[PDB]
Amino acid sequence: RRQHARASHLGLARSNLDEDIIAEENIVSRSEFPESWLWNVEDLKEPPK
Amino acid sequence: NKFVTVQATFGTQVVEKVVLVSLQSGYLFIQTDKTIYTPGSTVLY
């Protein structure tokens, strides 16, 4: 990396330094979802049709 | 394996057959709202 920064980096270039996508591994899936609600029970008692 | 003999009297005639016996209890079904939680959340089942 010292060689890379000595060769391809210029202080007067006026051109932005190249950026490389990380393209990493070990990607972790989502694990945070909104909490559940409506935790109640009811009994149907109306006259059936 | 507990057995019982079943004997039927058909008028004068008789037919006998030994049949196996066993008992079943039932079933349990467990329902969870989510399969992936986080430390701090509540598990409802």
# chains A, B, ... in the order shown; residues from 1 in each chain; ligands from 1

call {"tool": "residues_around", "arguments": {"residues": "region 35-39 of chain B", "least_positions_apart": "3", "cutoff": "12 Å", "atoms": "only C-alpha atoms", "output": "ChimeraX atom specification"}}
result
/A:29-36 /B:31-32,42-45

call {"tool": "residues_around", "arguments": {"residues": "residue 15 (chain B)", "least_positions_apart": "6", "cutoff": "12 Å", "atoms": "only C-alpha atoms", "output": "compact mmCIF listing (two decimals) with N, CA, C and O atoms, in the first residue's frame"}}
result
# COMPACT_ATOMS: atom_id res chain seq x y z
N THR B 5 -58.87 -60.24 23.92
CA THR B 5 -59.56 -61.17 23.05
C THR B 5 -61.02 -60.75 22.91
O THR B 5 -61.67 -60.41 23.90
N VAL B 6 -61.50 -60.69 21.67
CA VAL B 6 -62.87 -60.32 21.37
C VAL B 6 -63.62 -61.57 20.93
O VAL B 6 -63.29 -62.18 19.91
N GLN B 7 -64.64 -61.94 21.70
CA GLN B 7 -65.43 -63.14 21.44
C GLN B 7 -66.87 -62.72 21.19
O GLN B 7 -67.48 -62.05 22.03
N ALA B 8 -67.41 -63.11 20.04
CA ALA B 8 -68.79 -62.80 19.67
C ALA B 8 -69.56 -64.11 19.53
O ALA B 8 -69.13 -65.02 18.82
N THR B 9 -70.70 -64.19 20.22
CA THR B 9 -71.58 -65.34 20.13
C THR B 9 -72.65 -65.05 19.08
O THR B 9 -73.49 -64.17 19.27

call {"tool": "select_by_dssp", "arguments": {"residues": "chain B", "states": "strand (DSSP E or B)", "output": "list in words"}}
result
residues 3, 4, 5, 6, 7, 8, 9, 10, 13, 14, 15, 16, 17, 18, 19 and 20 of chain B

call {"tool": "write_last_selection", "arguments": {"atoms": "N, CA, C and O atoms", "output": "short mmCIF file (atom, residue, chain, number, x, y, z; two decimals), in the first residue's frame"}}
result
data_model
loop_
_atom_site.label_atom_id
_atom_site.label_comp_id
_atom_site.auth_asym_id
_atom_site.auth_seq_id
_atom_site.Cartn_x
_atom_site.Cartn_y
_atom_site.Cartn_z
N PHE B 3 -52.87 -57.07 24.90
CA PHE B 3 -53.86 -57.64 24.00
C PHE B 3 -55.17 -57.88 24.74
O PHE B 3 -55.19 -58.08 25.95
N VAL B 4 -56.27 -57.86 23.99
CA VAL B 4 -57.57 -58.28 24.49
C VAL B 4 -58.18 -59.21 23.45
O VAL B 4 -57.99 -59.02 22.25
N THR B 5 -58.87 -60.24 23.92
CA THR B 5 -59.56 -61.17 23.05
C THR B 5 -61.02 -60.75 22.91
O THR B 5 -61.67 -60.41 23.90
N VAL B 6 -61.50 -60.69 21.67
CA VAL B 6 -62.87 -60.32 21.37
C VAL B 6 -63.62 -61.57 20.93
O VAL B 6 -63.29 -62.18 19.91
N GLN B 7 -64.64 -61.94 21.70
CA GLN B 7 -65.43 -63.14 21.44
C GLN B 7 -66.87 -62.72 21.19
O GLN B 7 -67.48 -62.05 22.03
N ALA B 8 -67.41 -63.11 20.04
CA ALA B 8 -68.79 -62.80 19.67
C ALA B 8 -69.56 -64.11 19.53
O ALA B 8 -69.13 -65.02 18.82
N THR B 9 -70.70 -64.19 20.22
CA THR B 9 -71.58 -65.34 20.13
C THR B 9 -72.65 -65.05 19.08
O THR B 9 -73.49 -64.17 19.27
N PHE B 10 -72.61 -65.80 17.98
CA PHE B 10 -73.51 -65.61 16.85
C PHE B 10 -74.57 -66.71 16.95
O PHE B 10 -74.46 -67.76 16.32
N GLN B 13 -73.21 -70.25 17.32
CA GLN B 13 -71.84 -70.16 16.86
C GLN B 13 -71.07 -69.08 17.61
O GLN B 13 -71.65 -68.12 18.14
N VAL B 14 -69.75 -69.24 17.66
CA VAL B 14 -68.86 -68.31 18.34
C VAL B 14 -67.64 -68.06 17.46
O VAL B 14 -67.07 -69.00 16.89
N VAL B 15 -67.25 -66.79 17.34
CA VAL B 15 -66.04 -66.39 16.64
C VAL B 15 -65.19 -65.56 17.59
O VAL B 15 -65.71 -64.65 18.25
N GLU B 16 -63.91 -65.88 17.68
CA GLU B 16 -63.00 -65.21 18.59
C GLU B 16 -61.79 -64.68 17.83
O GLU B 16 -61.30 -65.32 16.89
N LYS B 17 -61.34 -63.49 18.20
CA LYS B 17 -60.20 -62.85 17.57
C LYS B 17 -59.50 -61.98 18.61
O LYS B 17 -60.16 -61.23 19.33
N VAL B 18 -58.18 -62.10 18.69
CA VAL B 18 -57.38 -61.33 19.63
C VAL B 18 -56.80 -60.12 18.91
O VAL B 18 -56.16 -60.25 17.86
N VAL B 19 -57.04 -58.93 19.47
CA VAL B 19 -56.68 -57.67 18.84
C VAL B 19 -55.74 -56.90 19.77
O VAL B 19 -55.89 -56.96 21.00
N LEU B 20 -54.76 -56.23 19.18
CA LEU B 20 -53.82 -55.43 19.95
C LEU B 20 -54.50 -54.18 20.49
O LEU B 20 -55.49 -53.69 19.94
#

call {"tool": "closest_residue", "arguments": {"among": "A:7, A:27, A:38, A:22", "to": "chain B", "atoms": "only C-alpha atoms"}}
result
A:38

call {"tool": "atom_distance", "arguments": {"atom1": "CA of residue 2 (chain A)", "atom2": "CA of residue 14 (chain A)"}}
result
21.0 Å

call {"tool": "residues_around", "arguments": {"residues": "residue 8 (chain A)", "least_positions_apart": "3", "cutoff": "10 Å", "atoms": "only C-alpha atoms", "output": "PDB file with N, CA and C atoms, in the first residue's frame"}}
result
ATOM      1  N   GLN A   3       3.692   1.526  -1.659  1.00  0.00           N
ATOM      2  CA  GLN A   3       4.027   1.677  -3.072  1.00  0.00           C
ATOM      3  C   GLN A   3       2.840   2.209  -3.867  1.00  0.00           C
ATOM      4  N   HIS A   4       1.638   1.695  -3.588  1.00  0.00           N
ATOM      5  CA  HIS A   4       0.458   2.154  -4.319  1.00  0.00           C
ATOM      6  C   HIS A   4       0.187   3.634  -4.070  1.00  0.00           C
ATOM      7  N   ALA A   5       0.319   4.083  -2.821  1.00  0.00           N
ATOM      8  CA  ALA A   5       0.081   5.487  -2.512  1.00  0.00           C
ATOM      9  C   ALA A   5       1.212   6.385  -2.994  1.00  0.00           C
ATOM     10  N   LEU A  17      -9.306  10.932  -6.239  1.00  0.00           N
ATOM     11  CA  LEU A  17      -8.703   9.612  -6.125  1.00  0.00           C
ATOM     12  C   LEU A  17      -9.723   8.526  -6.437  1.00  0.00           C
ATOM     13  N   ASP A  18      -9.267   7.485  -7.130  1.00  0.00           N
ATOM     14  CA  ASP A  18     -10.153   6.387  -7.489  1.00  0.00           C
ATOM     15  C   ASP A  18     -10.667   5.684  -6.240  1.00  0.00           C
TER      16      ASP A  18
END
